[PDB]
Asker: 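Before I ask anything, here is the structure I am working with.
FYI, side chains are in, hydrogens and waters are out, and symmetry mates aren't considered; it's all heavy atoms of this structure. Numbers here simply count residues along the sequence, with the first being 1.
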Amino acid sequence: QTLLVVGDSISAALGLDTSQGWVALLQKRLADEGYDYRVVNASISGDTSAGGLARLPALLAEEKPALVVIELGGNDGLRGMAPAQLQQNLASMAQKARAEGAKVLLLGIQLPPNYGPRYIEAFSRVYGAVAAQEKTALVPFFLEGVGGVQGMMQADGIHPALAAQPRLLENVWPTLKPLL
């Protein structure tokens with residue numbers, strides 16, 4: 001009955017009190033609404049689709065999760081890495097999680113507008129592709145109402161501020177709920 005979150009800086013709550021981070025809020029909402037889940041946050045700043053893929057098997061073996069939330073690839077895009085390798089790595093992660101017995105939920109991220117639609121979309125479309133291929137659930141716009149917004153982003157315009165954490169949780173819950 002474990003919900004494993006495998007993310008980067010966004011889910012690790014970079015730049016804020018982790019107890020106020022979206023995953024922390026997830027655990028509190030599960031508790032409040034009388035759901036019986038252990039939330040294991042395995043998010044690490046700096047992580048990439050390749051890094052998450054490399055470290056997932058150990059996590060699956062150790063926790064044997066019923067649900068795996070994957071929030072990776074934001075770094076692949078921010079670094080200008082290849083969109084195709086993102087699709088491969090995420091697909092393989094979703095395959096391996098499903099192989100362990102877990103339902104998979106992908107969190108998709110859109111880079112800031114200044115990257116331009118073609119770049120933004122090149123990575124953004126990958127999430128939908130992986131969900132299609134591996135039959136996963138998907139939140140295509142995890143940063144809806146957060147990205148690009150003033151107050152919601154920290155100054156570097158990538159890492160959500162404290163005020164955004166509720167909204168991050170709002171963005172996942174609806175798509176997560178039916179999986180519980």
Side-chain angles (χ1 to χ4, degrees), residues 2-16 18 21-24 26-27 38-102 104-112 115 119-120 122-134 136-143 146-147 153-154 156-160 164-165 168-169 171-172 175-176:
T2 289
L3 195 162
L4 174 70
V5 181
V6 187
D8 49 26
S9 67
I10 306 188
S11 293
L14 178 60
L16 64 103
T18 72
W22 91 260
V23 166
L26 172 55
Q27 178 66 104
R38 172 185 304 175
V39 183
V40 177
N41 193 4
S43 307
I44 305 182
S45 298
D47 208 17
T48 53
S49 66
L53 175 60
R55 67 187 182 99
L56 177 68
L59 289 171
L60 300 175
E62 180 97 21
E63 310 292 337
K64 281 292 190 299
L67 236 155
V68 176
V69 180
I70 295 167
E71 184 257 311
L72 286 187
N75 287 314
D76 299 47
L78 194 74
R79 292 187 209 185
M81 305 183 55
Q85 55 92 36
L86 175 59
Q87 204 286 345
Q88 182 189 53
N89 293 334
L90 287 177
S92 181
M93 288 188 71
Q95 187 271 332
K96 284 179 186 294
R98 170 195 78 193
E100 175 274 334
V104 170
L105 172 61
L106 303 191
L107 302 186
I109 293 193
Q110 285 75 38
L111 284 174
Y115 285 68
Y119 189 99
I120 295 161
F123 292 97
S124 190
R125 285 184 316 254
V126 164
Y127 297 95
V130 181
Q133 180 181 357
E134 298 301 340
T136 84
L138 170 68
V139 167
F141 316 103
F142 173 44
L143 310 177
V146 174
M153 289 328 279
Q154 303 175 32
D156 67 19
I158 291 304
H159 303 105
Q165 304 304 302
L168 295 179
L169 173 64
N171 288 345
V172 184
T175 298
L176 169 62

Asker: Identify, with sequence neighbours excluded, every residue that meets side chain to side chain contact (heavy atoms under 4.5 Å, CB included) alongside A91.
Answerer: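 By the side chain to side chain contact (heavy atoms under 4.5 Å, CB included) rule, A91 matches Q87, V130, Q133, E134.
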
Asker: If I compare all heavy atoms of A94 with all of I70, which pair ends up nearest, and what's the gap?
Answerer: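 Closest approach of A94 to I70: N-CD1, 4.3 Å.
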
Asker: Is there side-chain contact between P65 and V40, with heavy atoms separated by less than 4.5 Å?
Answerer: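 A side-chain contact is absent here, since even the closest heavy-atom pair is not under 4.5 Å.
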
Asker: How long is the span from the CG atom in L56 to the CG atom in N89, to the nearest 0.5 Å?
Answerer: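 So the gap between those two atoms works out to 11.5 Å.
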
Asker: Please report the shortest heavy-atom distance between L169 and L26, naming the atom on each side.
Answerer: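 Closest heavy-atom pair between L169 and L26: CD1-CA, 3.7 Å.
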
Asker: Answer whether the closest heavy-atom distance between the side chains of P160 and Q154 falls below 4.5 Å.
Answerer: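 Side-chain contact under 4.5 Å: no.
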
Asker: Would you indicate whether the side-chain heavy atoms of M93 and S49 approach each other to under 4.5 Å?
Answerer: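 The answer is no, as the side chains (C-beta and beyond) never meet within the 4.5 Å cut-off.
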
Asker: Is any side-chain heavy atom of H159 closer than 4.5 Å to a side-chain heavy atom of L16?
Answerer: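 No, too far: nothing below the 4.5 Å cut-off.
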
Asker: Looking at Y115 and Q110, would you say the former's side chain and the latter's main chain have a donor-acceptor pair under 3.5 Å?
Answerer: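 A pair under 3.5 Å: no.
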
Asker: Considering only heavy atoms from C-beta outward, does the side chain of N171 approach that of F141 to under 4.5 Å?
Answerer: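 They are not in contact (no side-chain heavy atoms under 4.5 Å apart), so the answer is no.
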
Asker: Distance from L3 atom CG to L67 atom CG, nearest 0.5 Å?
Answerer: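 Going from the CG atom of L3 to the CG atom of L67 covers 4.5 Å.
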
Asker: Might you point out which heavy atoms bring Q165 and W22 nearest each other, and give the distance in Å?
Answerer: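 Closest pair (atom of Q165, atom of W22, distance): OE1-N, 3.0 Å.
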
Asker: What heavy-atom pair brings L72 and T48 nearest, and what distance separates the two atoms?
Answerer: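 Nearest pair, atom of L72 first, then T48: CD1-O, 3.5 Å.
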
Asker: Between the side chain of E100 and the main-chain N/O of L60, is any donor-acceptor distance below 3.5 Å?
Answerer: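 Side chain of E100 to backbone of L60: no pair is present.
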
Asker: Looking at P112 and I120, what are the two nearest heavy atoms and their distance?
Answerer: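 Looking at all heavy atoms of both residues, the shortest contact is O-CD1, 3.5 Å.
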
Asker: Search all heavy atoms of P83 against all heavy atoms of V126 and return the closest pair with its distance.
Answerer: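 What the structure gives for the nearest pair is O-CG2, 3.4 Å.
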
Asker: Just how far is it from atom CG of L78 to atom CD1 of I109, taken to the nearest 0.5 Å?
Answerer: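 The CG atom of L78 sits 10.0 Å away from the CD1 atom of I109.
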
Asker: Could you go through the side chain to side chain contact (heavy atoms under 4.5 Å, CB included) check for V68 and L59 one step at a time?
Answerer: CA-CA 10 Å; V68 176; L59 289 171; over 6 Å; no

Asker: What distance separates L107 CG from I10 CD1, expressed to the nearest 0.5 Å?
Answerer: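 Rounded to the nearest 0.5 Å, the CG-CD1 separation comes out at 9.0 Å.
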
Asker: Are any non-hydrogen side-chain atoms of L168 and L143 less than 4.5 angstrom apart?
Answerer: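 The answer is yes, as the side chains (C-beta and beyond) meet within the 4.5 Å cut-off.
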
Asker: Could you walk me through whether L138 and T175 satisfy the side chain to side chain contact (heavy atoms under 4.5 Å, CB included) test, starting with their C-alpha distance in whole Å, then the side-chain angles of each, then the deciding distance to 0.1 Å, before giving a yes or no?
Answerer: CA-CA 7 Å; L138 170 68; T175 298; 6.0 Å; no

Asker: If only side-chain N and O atoms count, and only distance matters, is there a donor-acceptor pair under 3.5 Å linking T2 with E63?
Answerer: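 No donor-acceptor contact under 3.5 Å links the two side chains.
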
Asker: Between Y127 and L86, is any pair of side-chain heavy atoms under 4.5 Å apart?
Answerer: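 In short, these two side chains touch, coming nearer than 4.5 Å.
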
Asker: To the nearest 0.5 angstrom, please state how far the CD atom of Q85 sits from the CG atom of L90.
Answerer: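 If I round to the nearest 0.5 Å, the distance is 9.0 Å.
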
Asker: Just by modelled atom types, is the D47 backbone N or O under 3.5 Å from a matching donor or acceptor in the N75 side chain?
Answerer: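 Looks like yes, one N/O pair under 3.5 Å.
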
Asker: Please answer whether the main-chain N or O of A24 pairs with a side-chain N or O of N41 as donor and acceptor at a distance below 3.5 Å.
Answerer: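 Absent.
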
Asker: Roughly how far, to the nearest 0.5 Å, is the CD1 atom of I158 from the CG atom of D8?
Answerer: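 Answer rounded to 0.5 Å: 10.5 Å.
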
